[PDB]
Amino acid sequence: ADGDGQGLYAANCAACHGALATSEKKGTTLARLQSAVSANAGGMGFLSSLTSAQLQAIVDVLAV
């Protein structure tokens, strides 16, 4: 259901951080992403429903 991260990034992140292929958040970390949602960085708190498995999948595709 989770895909490989590409759909999750496109649906939840690309509007603010760019298409995955040219994302400004390449090389991010799970700790940065969880902290950004939890701290509402840039208004990101609405993403608090994403699970650890979903956030990690997004981190991993940004590492490729």
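A residue's number is simply how far along the shown sequence it sits, counting from 1.
Asks: So where's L33 on the chain's Cα temperature factor ranking, which third?
Replies: Lowest third - that is where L33 ends up once the chain's C-alpha B-factors are sorted.
Asks: Sorting the chain's CA B-factors, does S48 end up in the lowest, middle or highest third?
Replies: Answer is highest: the recorded C-alpha B-factor places it there.
Asks: Going by what the PDB entry lists, where does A11 fall on CA B-factor within its chain: lowest, middle or highest third?
Replies: Middle third of the chain for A11's C-alpha B-factor.
Asks: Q56's Cα B-factor: lowest, middle or highest third of the chain?
Replies: Tercile = lowest for this residue's CA B-factor.
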